[PDB]
Amino acid sequence: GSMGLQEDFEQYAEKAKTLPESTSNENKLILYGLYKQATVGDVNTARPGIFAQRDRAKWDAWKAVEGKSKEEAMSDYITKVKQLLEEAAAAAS
Ligand SMILES: [Cl-]
Ligand SMILES: [Cl-]
Ligand SMILES: [Cl-]
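Under this note's numbering, residues 16 to 108 are what the sequence shown spells out, in order.
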């Protein structure tokens with residue numbers, strides 16, 4: 016990752032903590048998948064079964080961004096968090 020992007024990523028991963036607890040799980044899943052992809056790369060497990068204890072929705076969100084470089088997924092994660100942060104501020108004003 017380039018330096019400025021890595022700094023941005025760590026900053027926005029920290030700012031993501033300020034999103035309301037009530038943030039839709041649809042968006043939590045999008046952030047989860049990009050965060051996994053950005054930090055550890057391609058999902059390296061098989062899809063959890065429907066009745067498994069492993070969370071299929073989380074795995075699916077990560078599978079969906081397979082193939083993105085660290086730079087790309089950090090990029091997307093940042094843009095999604097930025098959008099959510101602006102929407103949270105709009106909701107509160
Ligand atoms: Cl920025
Ligand atoms: Cl929801
Ligand atoms: Cl992992």
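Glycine is no exception: its CB is placed at the ideal position from the N, C-alpha and C atoms.
query	result
Proximity test, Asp23 beta-carbon vs ligand 1 heavy atom, cut-off 7 Å	yes
Residue of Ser37, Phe24, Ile45, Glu36 minimising C-alpha distance to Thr54	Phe24
Euclidean distance between Cα positions of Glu41 and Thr60	22 Å
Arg69 - DSSP class collapsed to helix/strand/coil	coil
C-beta contact flag for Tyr92 and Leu34 at 8 Å	no
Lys73 beta carbon less than 8 Å from that of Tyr27	no
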